[PDB]
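Source file: work_18.tsv (TSV, C-alpha atoms and all ligand atoms)
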chain	number	residue	atom	x	y	z
U	132	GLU	CA	88.83	140.89	89.69
U	133	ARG	CA	91.19	142.30	92.38
U	134	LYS	CA	89.08	141.82	95.47
U	135	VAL	CA	90.64	142.01	98.92
U	136	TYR	CA	90.40	138.64	100.69
U	137	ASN	CA	90.09	138.37	104.49
U	138	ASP	CA	90.95	142.07	105.19
U	139	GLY	CA	94.03	141.59	102.97
U	140	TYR	CA	95.37	138.59	104.93
U	141	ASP	CA	94.62	135.92	102.26
U	142	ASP	CA	95.38	135.53	98.58
U	143	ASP	CA	92.91	134.40	95.89
U	144	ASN	CA	93.43	130.66	96.60
U	145	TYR	CA	92.30	131.03	100.25
U	146	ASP	CA	95.91	130.76	101.48
U	147	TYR	CA	97.17	133.11	104.22
U	148	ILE	CA	99.71	135.45	102.62
U	149	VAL	CA	102.85	134.46	104.58
U	150	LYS	CA	105.08	137.33	105.71
U	151	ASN	CA	108.52	136.56	107.14
U	152	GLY	CA	109.16	138.29	110.46
U	153	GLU	CA	105.52	138.47	111.52
U	154	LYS	CA	104.97	137.62	115.19
U	155	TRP	CA	101.62	136.05	116.03
U	156	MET	CA	99.90	136.22	119.37
U	157	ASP	CA	103.05	137.57	120.98
U	158	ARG	CA	104.40	134.02	120.65
U	159	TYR	CA	105.18	132.49	117.24
U	160	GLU	CA	107.76	134.31	115.11
U	161	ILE	CA	107.30	133.26	111.47
U	162	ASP	CA	110.64	132.55	109.81
U	163	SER	CA	109.80	131.26	106.34
U	164	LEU	CA	107.50	129.25	104.10
U	165	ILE	CA	108.71	125.63	104.03
U	166	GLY	CA	106.02	124.11	101.82
U	167	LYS	CA	102.72	124.42	99.92
U	168	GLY	CA	100.04	121.80	99.26
U	169	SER	CA	96.34	121.32	98.53
U	170	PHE	CA	95.60	121.63	102.27
U	171	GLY	CA	97.39	124.98	102.47
U	172	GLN	CA	100.92	125.87	103.59
U	173	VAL	CA	103.49	125.01	106.19
U	174	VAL	CA	105.74	127.63	107.77
U	175	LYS	CA	108.87	127.46	109.94
U	176	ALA	CA	108.23	129.43	113.11
U	177	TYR	CA	109.95	129.98	116.47
U	178	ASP	CA	107.78	129.54	119.56
U	179	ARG	CA	109.03	132.11	122.08
U	180	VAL	CA	107.00	130.60	124.88
U	181	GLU	CA	108.34	127.03	124.58
U	182	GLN	CA	111.71	128.26	123.24
U	183	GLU	CA	111.81	125.94	120.24
U	184	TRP	CA	111.21	125.74	116.52
U	185	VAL	CA	107.86	124.53	115.35
U	186	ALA	CA	106.37	123.86	111.95
U	187	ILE	CA	102.88	125.35	111.64
U	188	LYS	CA	100.43	124.15	109.03
U	189	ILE	CA	98.12	127.02	107.95
U	190	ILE	CA	94.94	125.47	106.55
U	191	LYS	CA	93.16	127.23	103.70
U	192	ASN	CA	90.38	129.59	104.78
U	193	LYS	CA	87.45	127.63	103.33
U	194	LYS	CA	84.86	125.50	105.16
U	195	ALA	CA	85.51	122.49	102.93
U	196	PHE	CA	89.18	122.51	103.97
U	197	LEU	CA	88.52	123.41	107.60
U	198	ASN	CA	86.13	120.51	108.03
U	199	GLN	CA	88.79	118.16	106.75
U	200	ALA	CA	91.50	119.67	108.92
U	201	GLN	CA	89.27	118.99	111.94
U	202	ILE	CA	89.11	115.27	111.19
U	203	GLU	CA	92.88	115.39	110.85
U	204	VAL	CA	93.29	117.05	114.25
U	205	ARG	CA	91.01	114.45	115.86
U	206	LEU	CA	93.05	111.58	114.43
U	207	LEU	CA	96.37	113.23	115.30
U	208	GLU	CA	95.07	113.43	118.87
U	209	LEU	CA	94.18	109.69	119.02
U	210	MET	CA	97.60	108.71	117.70
U	211	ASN	CA	99.61	111.06	119.87
U	212	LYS	CA	97.83	109.90	123.02
U	213	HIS	CA	98.12	106.17	122.27
U	214	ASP	CA	100.28	104.11	124.48
U	215	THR	CA	103.13	101.83	123.25
U	216	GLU	CA	106.41	103.30	121.94
U	217	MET	CA	105.26	102.81	118.31
U	218	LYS	CA	103.54	106.25	118.65
U	219	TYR	CA	106.88	107.93	117.79
U	220	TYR	CA	106.53	107.21	114.06
U	221	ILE	CA	103.60	109.62	113.79
U	222	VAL	CA	104.34	113.33	113.95
U	223	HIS	CA	103.48	115.12	117.17
U	224	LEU	CA	100.69	117.65	116.95
U	225	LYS	CA	101.77	119.93	119.79
U	226	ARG	CA	98.63	122.12	119.69
U	227	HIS	CA	96.19	123.88	117.32
U	228	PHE	CA	94.19	127.07	117.09
U	229	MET	CA	92.27	129.54	114.94
U	230	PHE	CA	94.14	132.61	113.71
U	231	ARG	CA	92.84	135.19	111.23
U	232	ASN	CA	90.21	132.68	110.12
U	233	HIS	CA	92.80	129.96	109.47
U	234	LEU	CA	92.94	126.80	111.50
U	235	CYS	CA	96.57	126.27	112.38
U	236	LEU	CA	98.25	123.00	113.43
U	237	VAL	CA	101.49	123.39	115.40
U	238	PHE	CA	103.87	120.45	114.83
U	239	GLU	CA	107.24	119.49	116.15
U	240	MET	CA	109.85	120.77	113.66
U	241	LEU	CA	111.38	118.00	111.54
U	242	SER	CA	113.97	117.87	108.72
U	243	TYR	CA	113.88	116.87	104.99
U	244	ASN	CA	111.19	114.80	103.38
U	245	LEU	CA	112.24	111.74	101.46
U	246	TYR	CA	111.69	113.49	98.10
U	247	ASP	CA	113.88	116.42	99.05
U	248	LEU	CA	116.33	113.70	100.13
U	249	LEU	CA	116.17	111.98	96.76
U	250	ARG	CA	116.69	115.32	94.99
U	251	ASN	CA	119.73	116.25	97.09
U	252	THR	CA	121.43	113.14	95.73
U	253	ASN	CA	120.49	114.14	92.17
U	254	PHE	CA	117.98	111.25	91.88
U	255	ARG	CA	120.61	108.55	91.90
U	256	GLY	CA	118.68	107.18	94.88
U	257	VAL	CA	119.70	106.33	98.42
U	258	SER	CA	121.53	103.16	99.40
U	259	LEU	CA	119.81	99.85	99.94
U	260	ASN	CA	120.93	99.75	103.60
U	261	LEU	CA	119.16	103.06	104.10
U	262	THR	CA	116.13	102.07	102.03
U	263	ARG	CA	115.92	99.13	104.43
U	264	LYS	CA	116.09	101.41	107.45
U	265	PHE	CA	113.12	103.45	106.13
U	266	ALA	CA	111.42	100.21	105.21
U	267	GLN	CA	111.52	98.85	108.74
U	268	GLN	CA	110.39	102.12	110.32
U	269	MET	CA	107.39	102.52	107.99
U	270	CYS	CA	106.35	98.93	108.65
U	271	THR	CA	106.29	99.40	112.40
U	272	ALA	CA	104.39	102.60	111.69
U	273	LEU	CA	101.71	100.81	109.67
U	274	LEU	CA	101.39	98.20	112.42
U	275	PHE	CA	100.73	101.07	114.82
U	276	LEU	CA	97.95	102.38	112.58
U	277	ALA	CA	96.64	98.79	112.49
U	278	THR	CA	95.98	98.56	116.24
U	279	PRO	CA	92.19	98.00	116.53
U	280	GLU	CA	91.44	101.19	118.48
U	281	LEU	CA	92.93	103.31	115.68
U	282	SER	CA	92.45	101.36	112.45
U	283	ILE	CA	93.74	104.32	110.45
U	284	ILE	CA	94.25	104.47	106.71
U	285	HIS	CA	96.62	107.29	105.80
U	286	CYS	CA	95.49	107.38	102.16
U	287	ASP	CA	98.37	109.51	100.85
U	288	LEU	CA	101.68	107.86	101.67
U	289	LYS	CA	104.40	109.20	99.43
U	290	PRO	CA	107.90	110.58	99.79
U	291	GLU	CA	106.72	114.10	100.56
U	292	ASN	CA	104.84	112.89	103.61
U	293	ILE	CA	107.70	110.88	105.13
U	294	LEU	CA	110.08	113.23	106.91
U	295	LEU	CA	113.48	112.86	108.57
U	296	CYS	CA	113.60	113.87	112.24
U	297	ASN	CA	117.20	114.91	111.73
U	298	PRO	CA	119.13	115.88	108.57
U	299	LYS	CA	122.30	113.92	109.25
U	300	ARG	CA	120.33	110.89	110.55
U	301	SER	CA	117.98	108.07	109.45
U	302	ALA	CA	115.06	108.36	111.86
U	303	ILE	CA	111.73	109.44	110.40
U	304	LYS	CA	108.02	110.17	111.00
U	305	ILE	CA	104.84	110.23	108.87
U	306	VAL	CA	102.91	113.45	108.24
U	307	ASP	CA	99.75	114.87	106.63
U	308	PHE	CA	96.67	112.96	107.70
U	309	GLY	CA	94.43	115.29	105.74
U	310	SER	CA	93.08	112.49	103.54
U	311	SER	CA	93.12	109.92	106.31
U	312	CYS	CA	90.20	108.10	107.84
U	313	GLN	CA	89.33	105.16	110.05
U	314	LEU	CA	88.13	101.84	108.68
U	315	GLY	CA	84.39	101.84	108.02
U	316	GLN	CA	84.30	105.67	108.20
U	317	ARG	CA	85.50	105.86	104.56
U	318	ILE	CA	84.13	108.94	102.82
U	319	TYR	CA	86.17	109.40	99.58
U	320	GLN	CA	86.75	107.34	96.41
U	321	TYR	CA	89.49	109.37	94.70
U	322	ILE	CA	92.30	108.99	97.16
U	323	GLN	CA	96.08	108.47	97.16
U	324	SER	CA	98.55	110.37	94.96
U	325	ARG	CA	98.35	108.84	91.49
U	326	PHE	CA	101.82	107.21	91.37
U	327	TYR	CA	101.25	105.67	94.80
U	328	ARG	CA	97.59	104.76	94.21
U	329	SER	CA	96.58	101.18	94.72
U	330	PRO	CA	94.80	99.06	92.19
U	331	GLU	CA	91.74	98.58	94.37
U	332	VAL	CA	91.25	102.35	94.47
U	333	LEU	CA	91.86	102.70	90.71
U	334	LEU	CA	89.33	99.92	90.07
U	335	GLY	CA	86.75	101.76	92.20
U	336	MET	CA	86.61	98.90	94.68
U	337	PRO	CA	86.25	99.35	98.47
U	338	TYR	CA	89.55	99.61	100.32
U	339	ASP	CA	91.20	99.12	103.71
U	340	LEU	CA	94.56	99.50	105.45
U	341	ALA	CA	96.11	97.42	102.63
U	342	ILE	CA	96.26	100.45	100.30
U	343	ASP	CA	99.01	102.12	102.35
U	344	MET	CA	101.21	99.01	102.06
U	345	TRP	CA	100.90	99.35	98.30
U	346	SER	CA	102.01	102.93	98.39
U	347	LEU	CA	104.94	101.92	100.62
U	348	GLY	CA	106.02	99.40	98.00
U	349	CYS	CA	106.17	102.09	95.35
U	350	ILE	CA	107.91	104.41	97.77
U	351	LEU	CA	110.69	102.09	98.79
U	352	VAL	CA	111.48	101.21	95.15
U	353	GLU	CA	111.52	104.85	94.20
U	354	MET	CA	113.74	105.69	97.14
U	355	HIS	CA	116.40	103.31	95.85
U	356	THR	CA	115.92	103.74	92.12
U	357	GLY	CA	115.72	107.52	92.25
U	358	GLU	CA	112.51	107.62	90.27
U	359	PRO	CA	108.94	106.53	90.74
U	360	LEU	CA	107.97	103.00	89.81
U	361	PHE	CA	104.55	103.59	88.31
U	362	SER	CA	104.61	107.09	86.92
U	363	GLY	CA	101.12	107.38	85.50
U	364	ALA	CA	100.04	110.63	83.82
U	365	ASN	CA	96.48	109.62	84.46
U	366	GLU	CA	94.38	106.73	85.79
U	367	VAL	CA	94.42	104.79	82.53
U	368	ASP	CA	98.16	105.40	82.07
U	369	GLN	CA	98.77	104.50	85.72
U	370	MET	CA	96.88	101.20	85.42
U	371	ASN	CA	98.77	100.23	82.27
U	372	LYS	CA	102.10	100.98	83.90
U	373	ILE	CA	101.14	98.68	86.75
U	374	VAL	CA	100.13	96.04	84.26
U	375	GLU	CA	103.57	96.41	82.60
U	376	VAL	CA	105.28	95.17	85.70
U	377	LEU	CA	102.62	92.96	87.30
U	378	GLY	CA	100.43	91.71	84.46
U	379	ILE	CA	96.68	91.67	84.07
U	380	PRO	CA	95.09	91.47	87.48
U	381	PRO	CA	93.22	88.39	88.61
U	382	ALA	CA	89.83	87.24	87.37
U	383	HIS	CA	88.26	87.28	90.82
U	384	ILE	CA	89.20	90.89	91.37
U	385	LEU	CA	88.30	92.36	87.96
U	386	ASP	CA	85.03	90.37	88.11
U	387	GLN	CA	84.09	92.40	91.22
U	388	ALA	CA	85.61	95.72	90.16
U	389	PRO	CA	83.15	98.46	89.09
U	390	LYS	CA	85.69	100.36	87.01
U	391	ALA	CA	87.26	97.18	85.54
U	392	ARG	CA	85.97	98.19	82.11
U	393	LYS	CA	87.84	101.51	82.15
U	394	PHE	CA	91.05	99.60	81.69
U	395	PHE	CA	90.22	96.03	80.66
U	396	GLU	CA	87.76	93.90	78.78
U	397	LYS	CA	86.39	90.41	79.43
U	398	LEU	CA	86.78	87.95	76.55
U	399	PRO	CA	84.02	85.38	75.81
U	400	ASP	CA	85.95	82.73	77.80
U	401	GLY	CA	85.88	84.76	81.05
U	402	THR	CA	89.56	85.76	80.87
U	403	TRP	CA	90.60	89.45	80.89
U	404	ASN	CA	92.87	91.39	78.54
U	405	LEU	CA	93.71	95.07	78.34
U	406	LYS	CA	91.20	97.15	76.33
U	407	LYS	CA	91.78	97.04	72.57
U	408	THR	CA	93.81	100.02	71.29
U	409	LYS	CA	93.57	102.28	68.23
U	410	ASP	CA	94.64	100.79	64.90
U	411	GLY	CA	98.44	100.59	65.05
U	412	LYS	CA	99.20	102.35	68.34
U	413	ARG	CA	101.86	100.68	70.53
U	414	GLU	CA	102.65	102.48	73.77
U	415	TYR	CA	103.24	99.93	76.57
U	416	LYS	CA	105.39	96.90	77.13
U	417	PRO	CA	103.50	93.65	77.10
U	418	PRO	CA	101.93	92.68	80.42
U	419	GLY	CA	104.56	91.51	82.94
U	420	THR	CA	107.51	92.05	80.57
U	421	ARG	CA	108.90	94.88	82.64
U	422	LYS	CA	110.23	92.65	85.35
U	423	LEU	CA	110.96	94.41	88.63
U	424	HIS	CA	114.04	92.19	88.71
U	425	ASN	CA	115.65	94.49	86.12
U	426	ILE	CA	114.25	97.84	87.20
U	427	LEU	CA	116.06	97.10	90.48
U	428	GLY	CA	119.08	95.74	88.59
U	429	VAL	CA	119.34	92.68	90.88
U	430	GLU	CA	121.99	90.87	88.82
U	431	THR	CA	123.43	93.95	87.07
U	432	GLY	CA	124.82	96.15	89.83
U	433	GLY	CA	121.55	97.67	91.03
U	434	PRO	CA	119.48	100.43	89.44
U	435	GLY	CA	121.24	101.63	86.29
U	436	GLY	CA	124.21	99.59	87.42
U	437	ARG	CA	124.97	102.48	89.71
U	438	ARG	CA	125.74	100.19	92.64
U	439	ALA	CA	128.25	98.15	90.64
U	440	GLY	CA	130.87	96.98	93.16
U	441	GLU	CA	129.54	98.52	96.38
U	442	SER	CA	129.43	97.20	99.91
U	443	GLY	CA	125.92	96.27	101.10
U	444	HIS	CA	124.38	95.80	97.65
U	445	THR	CA	124.81	92.10	97.15
U	446	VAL	CA	122.68	90.11	94.69
U	447	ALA	CA	121.51	87.94	97.56
U	448	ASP	CA	120.33	91.20	99.23
U	449	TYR	CA	118.53	92.56	96.16
U	450	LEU	CA	116.69	89.23	95.86
U	451	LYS	CA	115.48	89.53	99.46
U	452	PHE	CA	114.34	93.04	98.63
U	453	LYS	CA	112.55	92.19	95.38
U	454	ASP	CA	110.50	89.59	97.25
U	455	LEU	CA	109.31	91.95	99.94
U	456	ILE	CA	108.19	94.64	97.46
U	457	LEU	CA	106.44	92.00	95.37
U	458	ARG	CA	104.34	91.02	98.40
U	459	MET	CA	103.63	94.69	99.04
U	460	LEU	CA	102.44	94.92	95.42
U	461	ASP	CA	100.02	91.97	95.58
U	462	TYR	CA	96.96	92.87	93.48
U	463	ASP	CA	94.75	91.16	96.09
U	464	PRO	CA	94.42	93.26	99.26
U	465	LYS	CA	93.18	90.24	101.23
U	466	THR	CA	96.57	88.53	100.62
U	467	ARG	CA	98.89	91.55	100.42
U	468	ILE	CA	101.63	91.43	103.02
U	469	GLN	CA	100.60	92.85	106.38
U	470	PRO	CA	102.96	94.74	108.69
U	471	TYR	CA	103.30	92.05	111.38
U	472	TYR	CA	104.68	89.67	108.75
U	473	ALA	CA	106.53	92.26	106.70
U	474	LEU	CA	108.66	92.91	109.79
U	475	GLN	CA	109.47	89.18	110.01
U	476	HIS	CA	110.85	89.07	106.46
U	477	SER	CA	114.33	87.96	105.43
U	478	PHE	CA	115.18	91.44	104.16
U	479	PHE	CA	115.29	92.59	107.83
U	480	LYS	CA	117.11	89.59	109.32
U	481	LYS	CA	120.36	90.70	111.05
T	501	LIG	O1	101.11	117.81	107.59
T	501	LIG	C1	101.93	118.19	106.75
T	501	LIG	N1	101.69	118.27	105.46
T	501	LIG	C2	102.80	118.73	104.91
T	501	LIG	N2	102.91	118.91	103.60
T	501	LIG	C3	104.07	119.23	103.03
T	501	LIG	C4	104.92	120.16	103.58
T	501	LIG	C5	106.11	120.45	102.92
T	501	LIG	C6	106.47	119.86	101.72
T	501	LIG	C7	105.62	118.93	101.17
T	501	LIG	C8	104.42	118.62	101.82
T	501	LIG	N3	103.73	118.94	105.83
T	501	LIG	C9	103.22	118.61	107.01
T	501	LIG	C10	103.70	118.62	108.32
T	501	LIG	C11	105.00	118.99	108.71
T	501	LIG	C12	105.35	118.77	110.04
T	501	LIG	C13	106.61	119.10	110.49
T	501	LIG	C14	107.53	119.66	109.62
T	501	LIG	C15	107.18	119.89	108.30
T	501	LIG	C16	105.92	119.57	107.85
T	501	LIG	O2	108.25	120.44	107.66
T	501	LIG	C17	109.36	120.06	108.48
T	501	LIG	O3	108.81	120.07	109.82
Representation of the structure as structure tokens:
Amino acid sequence: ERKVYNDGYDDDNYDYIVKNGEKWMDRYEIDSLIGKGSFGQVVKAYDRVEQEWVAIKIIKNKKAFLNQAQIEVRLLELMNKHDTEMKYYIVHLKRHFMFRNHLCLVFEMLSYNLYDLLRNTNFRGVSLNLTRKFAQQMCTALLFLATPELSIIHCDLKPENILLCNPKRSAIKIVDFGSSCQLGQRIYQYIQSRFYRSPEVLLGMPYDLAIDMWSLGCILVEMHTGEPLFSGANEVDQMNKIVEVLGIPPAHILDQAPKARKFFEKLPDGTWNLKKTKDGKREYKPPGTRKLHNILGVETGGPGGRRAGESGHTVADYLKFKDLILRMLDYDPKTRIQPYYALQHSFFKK
């Protein structure tokens, strides 16, 4: 098999074969590939006509992907057009078009994504002050998505999709609404990147805007610790790693959860344990015995003690932080902290 795909324009994974230097439509001059992804690719390009850099997202050339990309565009256009100043936490879709059988979304050019940021500081993690700054921005963002007329679930929050507007600055915007959808109009059950996946989704329960808040919890912790909080290799592993920190989930949730039996079992007395495990195998810490309080290093100089004796990393501060995250990681989506209240939390009080 060495077929030629799309008159030689595409590779075998439906991606457009990026060539640096190429000028499209006597307008966009393609500089370089900046990133790949299930959706396709993103390229750095200079827009002659508007005299500015843009980032163009070249969707795979396959109906399945195109159809999704269209929903994305539609949502990007509701958010961009919406009124109050909160609309500058969502990336600006400048325009979009078909080219060589690829749908292309032209975005404002932005800087690093929070993962690339983490990596540049060799995964020692960013400061708490800065983690707070991202925290506050994201929260306002989620409140924007909450406005009734939008009611948008992102469904894939994660460091790669939070980008800096400027490399020597702190201001940021959310990207990639490929998986996203409006409340009610929910059409997928396997959503969210595994590490950042919520319990409700894992359990195969129905889900709402709450699931993004969850992801944000895991993000913020990771951003400071340098390393993801629930690093599951698979759904079962992921659920156990959540249980390590947060315990068995509540009766009233597991009772209603279709996939509850993938991970847990119900004892005669109506209480839930983790599923019994092969004769002798020990692999996890006992439920709730991996206290966030130590992962964060609240009383021991922060994560890995790497903040020992630093300005702006007081124990009092870490406590405020722990509490916020813990309300972002509420098993119950009906009682998980909502943005309006998250913003009025002691961790943001100047
Ligand atoms: O919708 C998206 N999905 C993306 N996926 C992605 C792109 C690069 C690395 C990891 C993930 N990127 C965007 C948009 C995007 C928008 C503006 C940009 C940008 C990327 O790179 C920096 O400028």
- Note on the structure: For ligand LIG 501 (chain T), the closest of U:455, U:349, U:266, U:235 counting all atoms listed in the file is U:235
- Contacts with ligand LIG 501 (chain T) at most 10 Å, only C-alpha atoms and all ligand atoms counted, listed as a ChimeraX atom specification: /U:164-176,184-190,200,203,222-224,236-247,289-297,304-309
Might I get the box with edges along x, y and z of the file that holds all atoms of range 384-395 of chain U listed there, padded by 5 Å on every side, given as centre and edge lengths in Å to one decimal, as lines of an AutoDock Vina configuration file?
center_x = 87.1
center_y = 95.9
center_z = 86.0
size_x = 17.9
size_y = 21.1
size_z = 20.7
- Using CA of residue 453 in chain U and CA of residue 424 in chain U as the two end points, give the distance in Å to one decimal. 6.8 Å
Can you build me a table of range 371-443 of chain U residues sitting at most 12 Å from range 331-338 of chain U, with the closest atom pair per residue and its distance in Å to one decimal, using only C-alpha atoms, sorted by chain and residue number, as a Markdown table?
| residue | atom | partner | partner_atom | distance |
| --- | --- | --- | --- | --- |
| U:371 | CA | U:333 | CA | 11.2 |
| U:373 | CA | U:333 | CA | 10.9 |
| U:380 | CA | U:331 | CA | 10.5 |
| U:381 | CA | U:331 | CA | 11.8 |
| U:384 | CA | U:331 | CA | 8.6 |
| U:385 | CA | U:334 | CA | 7.9 |
| U:386 | CA | U:334 | CA | 10.7 |
| U:387 | CA | U:336 | CA | 7.8 |
| U:388 | CA | U:334 | CA | 5.6 |
| U:389 | CA | U:335 | CA | 5.8 |
| U:390 | CA | U:334 | CA | 4.8 |
| U:391 | CA | U:334 | CA | 5.7 |
| U:392 | CA | U:334 | CA | 8.8 |
| U:393 | CA | U:334 | CA | 8.2 |
| U:394 | CA | U:334 | CA | 8.6 |
| U:395 | CA | U:334 | CA | 10.2 |
Could you please take those selected residues and save C-alpha atoms as an mmCIF file, in the coordinates of the input?
data_model
loop_
_atom_site.group_PDB
_atom_site.id
_atom_site.type_symbol
_atom_site.label_atom_id
_atom_site.label_comp_id
_atom_site.auth_asym_id
_atom_site.auth_seq_id
_atom_site.Cartn_x
_atom_site.Cartn_y
_atom_site.Cartn_z
ATOM 1 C CA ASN U 371 98.770 100.230 82.270
ATOM 2 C CA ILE U 373 101.140 98.680 86.750
ATOM 3 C CA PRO U 380 95.090 91.470 87.480
ATOM 4 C CA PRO U 381 93.220 88.390 88.610
ATOM 5 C CA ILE U 384 89.200 90.890 91.370
ATOM 6 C CA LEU U 385 88.300 92.360 87.960
ATOM 7 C CA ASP U 386 85.030 90.370 88.110
ATOM 8 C CA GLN U 387 84.090 92.400 91.220
ATOM 9 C CA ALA U 388 85.610 95.720 90.160
ATOM 10 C CA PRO U 389 83.150 98.460 89.090
ATOM 11 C CA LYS U 390 85.690 100.360 87.010
ATOM 12 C CA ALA U 391 87.260 97.180 85.540
ATOM 13 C CA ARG U 392 85.970 98.190 82.110
ATOM 14 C CA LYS U 393 87.840 101.510 82.150
ATOM 15 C CA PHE U 394 91.050 99.600 81.690
ATOM 16 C CA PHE U 395 90.220 96.030 80.660
#
Incomplete range 135-158 of chain U brought to N, CA and C atoms, written out as a compact mmCIF listing (two decimals), in the coordinates of the input:
# COMPACT_ATOMS: atom_id res chain seq x y z
N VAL U 135 89.80 142.19 97.73
CA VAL U 135 90.64 142.01 98.92
C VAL U 135 90.05 140.88 99.76
N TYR U 136 90.87 139.86 100.04
CA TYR U 136 90.40 138.64 100.69
C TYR U 136 90.82 138.58 102.16
N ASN U 137 89.84 138.51 103.06
CA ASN U 137 90.09 138.37 104.49
C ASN U 137 90.83 139.60 105.06
N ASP U 138 90.30 140.80 104.81
CA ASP U 138 90.95 142.07 105.19
C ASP U 138 92.41 142.14 104.73
N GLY U 139 92.68 141.58 103.55
CA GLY U 139 94.03 141.59 102.97
C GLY U 139 94.98 140.51 103.46
N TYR U 140 94.52 139.66 104.38
CA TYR U 140 95.37 138.59 104.93
C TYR U 140 95.58 137.41 103.97
N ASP U 141 94.57 137.08 103.16
CA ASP U 141 94.62 135.92 102.26
C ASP U 141 94.80 136.32 100.83
N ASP U 142 95.31 135.38 100.03
CA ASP U 142 95.38 135.53 98.58
C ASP U 142 94.09 135.03 97.93
N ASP U 143 94.11 134.83 96.61
CA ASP U 143 92.91 134.40 95.89
C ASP U 143 92.66 132.88 95.89
N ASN U 144 93.59 132.11 96.47
CA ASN U 144 93.43 130.66 96.60
C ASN U 144 93.16 130.28 98.06
N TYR U 145 92.59 131.21 98.82
CA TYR U 145 92.30 131.03 100.25
C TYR U 145 93.50 130.78 101.17
N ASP U 146 94.72 130.96 100.67
CA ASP U 146 95.91 130.76 101.48
C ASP U 146 96.22 132.05 102.25
N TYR U 147 96.76 131.93 103.46
CA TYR U 147 97.17 133.11 104.22
C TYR U 147 98.47 133.62 103.60
N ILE U 148 98.53 134.91 103.29
CA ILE U 148 99.71 135.45 102.62
C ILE U 148 100.84 135.53 103.63
N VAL U 149 101.73 134.54 103.62
CA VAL U 149 102.85 134.46 104.58
C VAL U 149 103.79 135.65 104.48
N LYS U 150 104.13 136.22 105.64
CA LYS U 150 105.08 137.33 105.71
C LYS U 150 106.15 136.94 106.72
N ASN U 151 107.41 136.98 106.29
CA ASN U 151 108.52 136.56 107.14
C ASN U 151 108.77 137.67 108.13
N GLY U 152 108.91 137.31 109.40
CA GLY U 152 109.16 138.29 110.46
C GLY U 152 107.95 138.49 111.35
N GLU U 153 106.76 138.29 110.79
CA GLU U 153 105.52 138.47 111.52
C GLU U 153 105.55 137.67 112.81
N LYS U 154 105.08 138.28 113.90
CA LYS U 154 104.97 137.62 115.19
C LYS U 154 103.49 137.48 115.48
N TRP U 155 103.01 136.25 115.63
CA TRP U 155 101.62 136.05 116.03
C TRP U 155 101.46 135.89 117.50
N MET U 156 100.40 136.50 118.03
CA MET U 156 99.90 136.22 119.37
C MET U 156 101.02 136.34 120.41
N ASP U 157 101.87 137.34 120.18
CA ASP U 157 103.05 137.57 120.98
C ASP U 157 103.80 136.28 121.34
N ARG U 158 103.84 135.34 120.40
CA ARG U 158 104.40 134.02 120.65
C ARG U 158 105.18 133.46 119.46
